[PDB]
Amino acid sequence: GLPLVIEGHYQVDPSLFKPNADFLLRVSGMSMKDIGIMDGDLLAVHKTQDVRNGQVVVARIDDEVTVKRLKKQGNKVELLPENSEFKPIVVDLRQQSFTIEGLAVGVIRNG
Amino acid sequence: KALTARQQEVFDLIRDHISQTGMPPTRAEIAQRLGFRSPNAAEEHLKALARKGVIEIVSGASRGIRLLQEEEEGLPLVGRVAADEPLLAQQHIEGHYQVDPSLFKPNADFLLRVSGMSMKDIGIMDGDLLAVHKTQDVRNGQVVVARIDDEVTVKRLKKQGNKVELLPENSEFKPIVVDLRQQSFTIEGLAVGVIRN
């Protein structure tokens, strides 16, 4: 049982993912298509703030959520795509609010 | 109820025979394949399986064995497939996942581990678990699960007369051309979704 964020609920064993999934999120756009995360996919997410460079994360940049690969160095935070047509996003912790919502641990596609 | 090691082997053979021919094995075939001393020996194990409710034995015509309690919750996962064995042979099943089959349309019957990056342009990656609806009724342009001389593959269908072309979704790959006049070919099912973990 996994909730979609509550907008819906799906009967998919949370323990099929490691770490375990806490919720699902609907993906918008093709910024992460090169690693198989497509528009309309449901992303399985483990709620946590402890992540590292190279992992795919869910971040909130001042009221907006995005799914990208992390590359952080101190106060400099880069959120990178997996699509050559997209620009990387750069954030400065000293100016705008930045929060890690979780770690991507899986995907469910049932269009 | 628990099946002994030998009872499990007899039950597995019965299920594999039905999956490959849709017909159960004879008592003689069971004794021969499992090296029993005689058909009487096979009958004893069959009596125990019926007693445990996994099968029904009907007196009369030959090959009178029927499976019971077939409906299962969730989906079985199929791994690497061996030559001369049906797709759902017991030796291919790695486990059972508790996933709602109705999340997919048409409904899923099983999951299949994907090998390689041939379909990465549409988001199907090496290691993904493909949700499959078992059927032989497919159409040009759909993504299907097929078997060429027993090798299983996931590609887009393009019928070509006495030949069949199976198309990839990756620039590094080229189509697989099957000549029906000299190669065995079968459609196993339709791809209806993906679970990546």
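So the protein lines, in turn, are chains B and A. Numbered by PDB author numbering, the letters in the first sequence go through residues 75 to 79, 94 to 199 in order. Numbered by PDB author numbering, the letters in the second sequence go through residues 2 to 198 in order. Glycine residues also receive a C-beta, built at the ideal position from the N, C-alpha and C atoms.
Anticipated Cβ contact below 8 Å, residue i with residue j, distance rounded
i: A/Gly124; j: B/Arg197; result: 7 Å
i: A/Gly190; j: A/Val133; result: 4 Å
i: A/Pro40; j: A/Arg52; result: Their Cβ separation, rounded to whole angstroms, is 19 Å, which puts A/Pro40 and A/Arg52 out of contact at 8 Å.
i: residue 1 of chain A; j: A/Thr187; result: Chain A is shown only over 2 to 198; residue 1 of chain A falls outside these bounds and no answer can be derived.
i: B/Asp138; j: B/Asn163; result: That belief does not hold up - the Cβ atoms of B/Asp138 and B/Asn163 are roughly 18 Å apart, past 8 Å.
i: A/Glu57; j: A/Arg67; result: 4 Å
i: A/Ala84; j: A/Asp17; result: Contact doesn't hold; Cβ gap of about 14 Å is too wide.
i: B/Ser119; j: B/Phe174; result: 5 Å
i: B/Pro107; j: B/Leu76; result: Their Cβ separation, rounded to whole angstroms, is 14 Å, which puts B/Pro107 and B/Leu76 out of contact at 8 Å.
Within-9 Å CB hit, residue i to chain A
i: B/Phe105; result: yes
i: B/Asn171; result: no
i: B/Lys160; result: no
i: B/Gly199; result: yes
i: B/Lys156; result: no
i: B/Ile177; result: no
i: B/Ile149; result: no
i: B/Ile196; result: yes
i: B/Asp129; result: yes
Cβ-Cβ distance between residue i and residue j below 9 Å
i: A/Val82; j: A/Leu69; result: no
i: A/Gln184; j: A/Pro87; result: no
i: A/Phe105; j: A/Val79; result: no
i: A/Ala192; j: A/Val153; result: no
i: A/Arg114; j: A/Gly128; result: yes
i: A/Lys160; j: A/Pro169; result: no
i: A/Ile15; j: A/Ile31; result: yes
i: A/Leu130; j: A/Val178; result: no
i: A/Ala43; j: A/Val11; result: yes
i: A/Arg7; j: A/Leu47; result: no
i: A/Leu50; j: A/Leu4; result: yes
i: B/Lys135; j: B/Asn171; result: no
Closer than 9 Å to chain B by CB, residue i
i: A/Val193; result: yes
i: A/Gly124; result: yes
i: A/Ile15; result: no
i: A/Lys121; result: yes
i: A/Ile31; result: no
i: A/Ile58; result: no
i: A/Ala132; result: yes
Length at least 3, wholly inside the region 54-132 of chain A: the beta strand (DSSP E) runs in chain order
Qualifying beta strand (DSSP E) stretches, in chain order: 56-58, 66-68, 76-79, 94-98, 111-114.
Cβ-based contacts, 8 Å cut-off: residues of the region 82-115 of chain A near chain B
Correct list: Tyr98, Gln99, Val100, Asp101, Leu104, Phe105, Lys106.
Ignoring anything shorter than 3 residues, give me the beta strand (DSSP E) runs that lie fully in the region 129-191 of chain A, in order along the chain.
Qualifying beta strand (DSSP E) stretches, in chain order: 130-135, 144-149, 152-161, 164-168, 177-180.
Scan the region 2-27 of chain A and note each continuous alpha helix (DSSP H) run of 4 residues or more that stays entirely inside, going in chain order.
If we require 4 residues or more, the alpha helix (DSSP H) runs fully inside the region 2-27 of chain A come out as 6-22.
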